[PDB]
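Q: The structure is given below, and queries will be raised subsequently.
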Amino acid sequence: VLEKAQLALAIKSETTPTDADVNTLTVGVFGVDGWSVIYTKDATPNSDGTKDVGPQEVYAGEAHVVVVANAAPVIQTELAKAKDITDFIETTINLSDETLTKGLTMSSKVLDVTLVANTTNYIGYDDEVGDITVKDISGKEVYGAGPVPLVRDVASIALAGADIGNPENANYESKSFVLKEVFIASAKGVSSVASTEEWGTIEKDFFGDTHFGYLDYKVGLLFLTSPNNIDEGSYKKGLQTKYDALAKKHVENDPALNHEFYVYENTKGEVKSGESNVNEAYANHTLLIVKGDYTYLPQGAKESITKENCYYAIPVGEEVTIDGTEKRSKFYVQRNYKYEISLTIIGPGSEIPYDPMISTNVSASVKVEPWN
Ligand SMILES: [Cl-]
């Protein structure tokens, strides 16, 4: 026999939809002895900038609790079928669901609490454990560290700027670069919903014994595969799935500059075993690729030349500036950070997206900022 209790839970929160919206909360409560209660409710707004999930019946005892914001409808059901905390947090979410209209998927860490029988248990309603009263319903705060923080399950990638410079080599002067398009390649399109620790890794491994492969990478544009297969190259392997949200045309009125792209974690950039001609710095790490028209003046020429529709590809987070003036190598793409990429174009790009021609002719500076 198991005793009954009630649970109400408050989360910390930061009308056009925004990347901080919390529309729904899915709560998984897993007793240490094997019982589980999982439910989804609309998040109720609160005057203090927190949001609540109203009392729900659960069982008494020690339990592990995790909160997911903005789970897609089908994910809500998958989560409700979890039998244990590991299957819950390992639930696979899909990138194509991550819109400001849904709200971005976010999760808490796994909480450990003791639920008291025959009473209202609160999580997140006070900064200390103990008996409290909320709207005349007395009960007990069982977590005691303020409202439960949520961490986004996506990262934000944007091109902050793209201008010209000259190479030391100096066969020529750069004259201009006009941006036409920005897109993302090798975006992991799947992720775990939550991590055990706060802001922990939720990245899905690809290939090996997993069932994720090339179609689970997402890409903003597709290219011709015949006669010259240009949809693949040293920079990008596999037939990846097109997702229109991962490309943006640059037009004066609706710019590609500062447009944010949302992606899941990718630090491993796995390719299939046995692939040829793999540049491991690019394939299949998430890339930001720009296309535009580059104009230069050759040494001693009367006039300049414009190469139209040149590409420049960047592996996102190979080297980052973080905490203002610190540096990290191999940071790649991690959850709940904003990546601001500034490009210095120093020569003509490639006519094709996934291989260079002679030299990359681009230098990139990537700032990473925690998100909001
Ligand atoms: Cl567009």
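Numbering starts fresh at 1 for the residues of each chain in the structure tokens, the chains themselves are lettered A, B, ... in the order given, and ligands are numbered from 1 as they appear.
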What residues have any atom no more than 8 Å from ligand 1 when counting only C-alpha atoms and all ligand atoms, and can you list them as JSON, numbers by chain?

A: {"A": [247, 248, 249, 250, 256]}

Q: Using only C-alpha atoms, determine which residues lie at most 10 Å from residue 5 (chain A), disregarding the query and same-chain residues fewer than 3 positions distant; provide the list as a list in words.

A: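 Those residues are residues 2, 55, 56, 57, 58, 59, 60, 61, 115, 116, 117, 118, 119, 120 and 121 of chain A.
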
Q: Can you pull out the residues contacting region 163-172 of chain A? Cut-off 12 Å, using only C-alpha atoms, and skip same-chain residues under 2 positions away; I want them as a ChimeraX atom specification.

A: /A:159-161,174-179,257,290,292-301,303-305,341-349,359-365

Q: Please, what distance in Å, to one decimal, runs between CA of residue 15 (chain A) and CA of residue 339 (chain A)?

A: 26.3 Å

Q: Counting only C-alpha atoms, what is within 7 Å of residue 80 (chain A), bar same-chain residues fewer than 3 positions away, as a list in words?

A: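 Everything that qualifies: residues 38, 39, 76 and 77 of chain A.
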
Q: Got a sec: who's within 7 Å of residue 37 (chain A), counting only C-alpha atoms, leaving out chain neighbours fewer than 4 positions off, as an NGL selection string?

A: :A and (28-30 or 58)

Q: Rounded to one decimal, what separation in Å do you get between CA of residue 101 (chain A) and CA of residue 73 (chain A)?

A: 13.1 Å

Q: Which residues are close to region 315-319 of chain A, i.e. within 9 Å by only C-alpha atoms, leaving aside same-chain residues fewer than 5 positions away? Reply as a PyMOL selection string.

A: chain A and resi 157+235+267+281-289+327-333+339+341+364-368

Q: Mind writing the picked residues with C-alpha atoms as an mmCIF file, in the first residue's frame?

A:
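Saved file part_1.cif follows:
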data_model
loop_
_atom_site.group_PDB
_atom_site.id
_atom_site.type_symbol
_atom_site.label_atom_id
_atom_site.label_comp_id
_atom_site.auth_asym_id
_atom_site.auth_seq_id
_atom_site.Cartn_x
_atom_site.Cartn_y
_atom_site.Cartn_z
ATOM 1 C CA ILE A 157 23.318 30.429 -33.850
ATOM 2 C CA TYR A 235 32.976 19.442 -45.105
ATOM 3 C CA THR A 267 29.953 18.279 -30.073
ATOM 4 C CA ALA A 281 37.300 19.628 -38.416
ATOM 5 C CA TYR A 282 34.103 20.164 -40.507
ATOM 6 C CA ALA A 283 32.225 16.864 -41.135
ATOM 7 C CA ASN A 284 29.801 16.519 -39.378
ATOM 8 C CA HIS A 285 30.137 19.321 -36.907
ATOM 9 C CA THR A 286 27.434 21.920 -37.261
ATOM 10 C CA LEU A 287 28.403 24.518 -39.889
ATOM 11 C CA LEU A 288 27.344 28.022 -40.527
ATOM 12 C CA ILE A 289 27.721 28.701 -44.222
ATOM 13 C CA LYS A 327 38.994 31.183 -24.984
ATOM 14 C CA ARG A 328 37.889 27.574 -25.511
ATOM 15 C CA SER A 329 38.787 25.109 -28.242
ATOM 16 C CA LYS A 330 36.445 22.313 -29.306
ATOM 17 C CA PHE A 331 33.447 23.858 -27.504
ATOM 18 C CA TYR A 332 31.206 23.234 -30.537
ATOM 19 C CA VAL A 333 27.423 23.444 -29.990
ATOM 20 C CA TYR A 339 26.606 31.868 -30.724
ATOM 21 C CA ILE A 341 29.650 34.627 -35.502
ATOM 22 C CA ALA A 364 35.788 33.639 -38.009
ATOM 23 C CA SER A 365 35.359 35.005 -34.522
ATOM 24 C CA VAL A 366 32.656 33.243 -32.481
ATOM 25 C CA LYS A 367 31.364 34.753 -29.214
ATOM 26 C CA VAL A 368 29.481 32.503 -26.915
#

Q: For a quick check of understanding, using only C-alpha atoms, which of A:336, A:23, A:240, A:138 has the smallest distance to residue 200 (chain A)?

A: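 Between A:336, A:23, A:240, A:138, the residue approaching residue 200 (chain A) most closely is A:336.
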
Q: Can you tell me, as a list in words, what residues are no more than 12 Å from residue 231 (chain A) when counting only C-alpha atoms, ignoring any on the same chain fewer than 3 positions away?

A: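 Selected residues are residues 185, 219, 220, 221, 222, 223, 224, 225, 226, 227, 228, 234, 235, 236, 237, 238, 239, 240, 241, 242, 352, 353, 354 and 355 of chain A.
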
Q: Those residues you just picked out, can you put them in a file as a JSON list (two decimals), in the first residue's frame with N, CA and C atoms?

A:
[["chain", "number", "residue", "atom", "x", "y", "z"],
["A", 185, "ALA", "N", 24.34, 23.61, -41.68],
["A", 185, "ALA", "CA", 24.46, 22.20, -42.14],
["A", 185, "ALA", "C", 24.89, 21.34, -40.96],
["A", 219, "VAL", "N", 19.64, 20.21, -42.40],
["A", 219, "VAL", "CA", 20.37, 21.10, -43.25],
["A", 219, "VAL", "C", 19.38, 22.04, -43.93],
["A", 220, "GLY", "N", 19.79, 23.29, -44.11],
["A", 220, "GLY", "CA", 18.88, 24.34, -44.59],
["A", 220, "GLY", "C", 18.55, 24.33, -46.08],
["A", 221, "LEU", "N", 19.48, 23.80, -46.86],
["A", 221, "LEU", "CA", 19.35, 23.70, -48.30],
["A", 221, "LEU", "C", 19.86, 22.35, -48.81],
["A", 222, "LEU", "N", 19.31, 21.91, -49.95],
["A", 222, "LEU", "CA", 19.78, 20.74, -50.66],
["A", 222, "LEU", "C", 20.46, 21.17, -51.97],
["A", 223, "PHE", "N", 21.43, 20.40, -52.43],
["A", 223, "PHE", "CA", 22.17, 20.74, -53.64],
["A", 223, "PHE", "C", 22.07, 19.57, -54.63],
["A", 224, "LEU", "N", 22.47, 19.80, -55.88],
["A", 224, "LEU", "CA", 22.34, 18.73, -56.89],
["A", 224, "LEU", "C", 23.34, 17.60, -56.60],
["A", 225, "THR", "N", 22.90, 16.37, -56.85],
["A", 225, "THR", "CA", 23.74, 15.18, -56.66],
["A", 225, "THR", "C", 24.29, 14.62, -58.00],
["A", 226, "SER", "N", 23.79, 15.14, -59.12],
["A", 226, "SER", "CA", 24.29, 14.76, -60.47],
["A", 226, "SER", "C", 24.40, 15.98, -61.37],
["A", 227, "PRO", "N", 25.37, 15.98, -62.31],
["A", 227, "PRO", "CA", 26.38, 14.94, -62.50],
["A", 227, "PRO", "C", 27.45, 15.01, -61.40],
["A", 228, "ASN", "N", 27.86, 16.23, -61.05],
["A", 228, "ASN", "CA", 28.76, 16.47, -59.93],
["A", 228, "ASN", "C", 27.89, 16.46, -58.68],
["A", 234, "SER", "N", 34.05, 17.27, -48.54],
["A", 234, "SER", "CA", 34.94, 17.07, -47.36],
["A", 234, "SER", "C", 34.37, 17.72, -46.07],
["A", 235, "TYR", "N", 33.52, 18.73, -46.22],
["A", 235, "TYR", "CA", 32.98, 19.44, -45.10],
["A", 235, "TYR", "C", 31.66, 18.87, -44.51],
["A", 236, "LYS", "N", 30.98, 17.99, -45.24],
["A", 236, "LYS", "CA", 29.60, 17.64, -44.92],
["A", 236, "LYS", "C", 29.30, 16.32, -45.60],
["A", 237, "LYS", "N", 29.04, 15.29, -44.78],
["A", 237, "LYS", "CA", 28.75, 13.96, -45.29],
["A", 237, "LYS", "C", 27.29, 13.61, -45.14],
["A", 238, "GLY", "N", 26.83, 12.77, -46.07],
["A", 238, "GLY", "CA", 25.50, 12.18, -46.03],
["A", 238, "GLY", "C", 24.36, 12.98, -46.64],
["A", 239, "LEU", "N", 23.30, 12.26, -47.00],
["A", 239, "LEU", "CA", 22.05, 12.90, -47.32],
["A", 239, "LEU", "C", 21.39, 13.25, -45.99],
["A", 240, "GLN", "N", 21.37, 14.53, -45.70],
["A", 240, "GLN", "CA", 20.77, 15.07, -44.52],
["A", 240, "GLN", "C", 19.38, 15.60, -44.91],
["A", 241, "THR", "N", 18.52, 15.74, -43.91],
["A", 241, "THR", "CA", 17.15, 16.19, -44.11],
["A", 241, "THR", "C", 17.03, 17.72, -44.14],
["A", 242, "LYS", "N", 16.45, 18.24, -45.22],
["A", 242, "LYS", "CA", 16.19, 19.65, -45.33],
["A", 242, "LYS", "C", 15.17, 20.13, -44.32],
["A", 352, "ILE", "N", 31.11, 25.96, -54.51],
["A", 352, "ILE", "CA", 30.32, 24.87, -53.96],
["A", 352, "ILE", "C", 30.38, 24.91, -52.40],
["A", 353, "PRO", "N", 29.31, 24.45, -51.74],
["A", 353, "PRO", "CA", 29.21, 24.68, -50.31],
["A", 353, "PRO", "C", 30.06, 23.80, -49.43],
["A", 354, "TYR", "N", 30.33, 22.57, -49.84],
["A", 354, "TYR", "CA", 30.90, 21.61, -48.89],
["A", 354, "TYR", "C", 32.33, 21.20, -49.19],
["A", 355, "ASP", "N", 32.98, 21.96, -50.06],
["A", 355, "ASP", "CA", 34.45, 21.85, -50.25],
["A", 355, "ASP", "C", 35.02, 23.24, -50.53]]

Q: Going by DSSP on the backbone, which bits of region 186-346 of chain A are strand (DSSP E or B)? Write them as a PyMOL selection string, please.

A: chain A and resi 187-188+190-192+203+217-219+233+236+241-242+247-249+251+254+261-263+266+287-298+305-315+319-322+326-329+333+337-345

Q: If DSSP is run on the backbone, what residues of region 132-359 of chain A are helix (DSSP H, G or I)? A reply as a PyMOL selection string would be ideal.

A: chain A and resi 214-216+244-246

Q: Between CA of residue 22 (chain A) and CA of residue 204 (chain A), what distance in Å does the model show, to one decimal?

A: 24.1 Å

Q: For residue 369 (chain A), which residue among A:156, A:192, A:186, A:266 is the nearest when counting only C-alpha atoms?

A: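 For residue 369 (chain A), the nearest of the candidates is A:156.
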
Q: For residue 82 (chain A), which residue among A:24, A:96, A:36, A:306 is the nearest when counting only C-alpha atoms?

A: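 Once distances to residue 82 (chain A) are computed over only C-alpha atoms, the minimum belongs to A:36.
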
Q: Would you please work out which residue, of A:370, A:322, A:141, A:180, is nearest to residue 309 (chain A) when using only C-alpha atoms?

A: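 The answer is A:180, which sits nearest to residue 309 (chain A).
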